[PDB]
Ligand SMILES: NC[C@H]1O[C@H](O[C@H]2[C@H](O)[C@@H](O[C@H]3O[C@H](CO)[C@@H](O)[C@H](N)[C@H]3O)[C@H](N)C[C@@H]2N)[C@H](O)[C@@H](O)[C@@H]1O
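Given as structure tokens, the chain that follows is alone and in the form solved without ligand KAN.
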């Protein structure tokens, strides 16, 4: 719920960093957890809007520190960290802004083929190293409980849609949740640290060298199913699509590609239900209506 002025942001930074001269400050973005501020064209500072976002920022900071210099592509470095508050575990953090432009599907597709192949290999090596790190170092509550997430989603969906969908439609919803919850494929995986939002918007590219030069936004990173980091790239409309992701999967030497595709299929279908939930939780009536239609 919380809001900040520029004056508050600067005062909080000065308290802990009194010889950091801020020359420029602007808002580069806002998500559900945090507002982001670009400082001196050099750093992204995130300030949480609520207790949960603060906790997520704290975890993101600790993740980044632990994997600093462990990975084969540049990633944001935590250069400034704030302090715990009355309800906020991390009042703010400041990260280097790595150089580069998003590797959009459009840009990738116009690359020389050799460059494209290399881009796949470089993504594969990065996911490989990321997924290899032992989870022993990380807060045990970073381990996502996907079963409970689905059950909680099932409940919210029933509350939002019970007293709406008729007999045949609600049967499809119940059928769909049941088939998910009985398929141990979605739950029975070896968890590892994953980026958790591994999409073309977060893969930076150097147009001079034609090579991927950073991975950014670890804001959702957690311990979860390594397959999730391939599935978030597979969608043809807005991501890289099946053909390219298969090159990445092969360079990473995945042993069970069919299970990757099964999880992708369930996720594409699942999105319809996430648009009802978030559509309702955030007031996006286009999502709610679209999800509603796709369900029926």
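What we label the rigid core is the largest C-alpha set whose atoms superpose within 1.5 Å from one form to the other. Positions refer to the first chain, counted from 1.
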Going by the B-factors listed in the PDB entry, is the mean over the C-alpha atoms higher for 57-65 or for 250-258?
250-258
Mean Cα B-factor check, 223-231 vs 36-44, entry values; winner is 36-44
With respect to the C-alpha temperature factors reported in the PDB entry, which of 199, 96, 128, 118 ranks highest?
118
Which third of the chain does residue 210 land in by C-alpha B-factor: lowest, middle or highest?
highest
Residue 268 CA temperature factor, ranked by third within the chain
lowest
Third of the chain's Cα B-factor distribution that residue 238 belongs to, per the entry
middle
Which third of the chain does residue 79 land in by C-alpha B-factor: lowest, middle or highest?
middle
Once the chain's modelled residues are ordered by C-alpha B factor and cut into thirds, is residue 111 in the lowest, middle or highest one?
highest
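Just so you know, the form solved in complex with ligand KAN exists too; it's not on screen, but the next bit is about it.
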Spot the stretch among 164-172, 199-207, 131-139, 186-194 with residues whose non-hydrogen atoms come within 4.5 Å of ligand KAN in the entry with it bound.
199-207
Thinking of 179, 225 and 273 as one candidate spot, does ligand KAN come within 4.5 Å of a heavy atom in every one of them in the entry with it bound?
no
Taking 4.5 Å between heavy atoms as the contact cutoff, choose which of 238, 243, 26, 256 touches ligand KAN in the entry with it bound.
238
Of these, 62, 55, 32, 250, which has a heavy atom no more than 4.5 Å from ligand KAN in the entry with it bound?
32
Does residue 122 reach ligand KAN in the entry with it bound if we count a contact as any heavy atom within 4.5 Å?
no
Partner contact for residue 17 in the entry with it bound: ligand KAN, 4.5 angstroms, heavy atom:
no
Should residue 153 be counted as a contact of ligand KAN in the entry with it bound, where contact means heavy atoms within 4.5 Å?
no
Shifts of 2 Å or more in the Cα, rigid core superposed between the shown form and the other one, apply to only one of 142, 107, 73, 165; name it.
165
Residue 34: with the rigid core matched between the shown form and the other one, does its Cα shift 2 Å or more?
yes
Does residue 47 shift between the shown form and the other one by 2 angstroms or more at the C-alpha, the core having been superposed?
yes
Once the two forms are fit on the core, has residue 90 moved its CA by at least 2 Å between the shown form and the other one?
yes
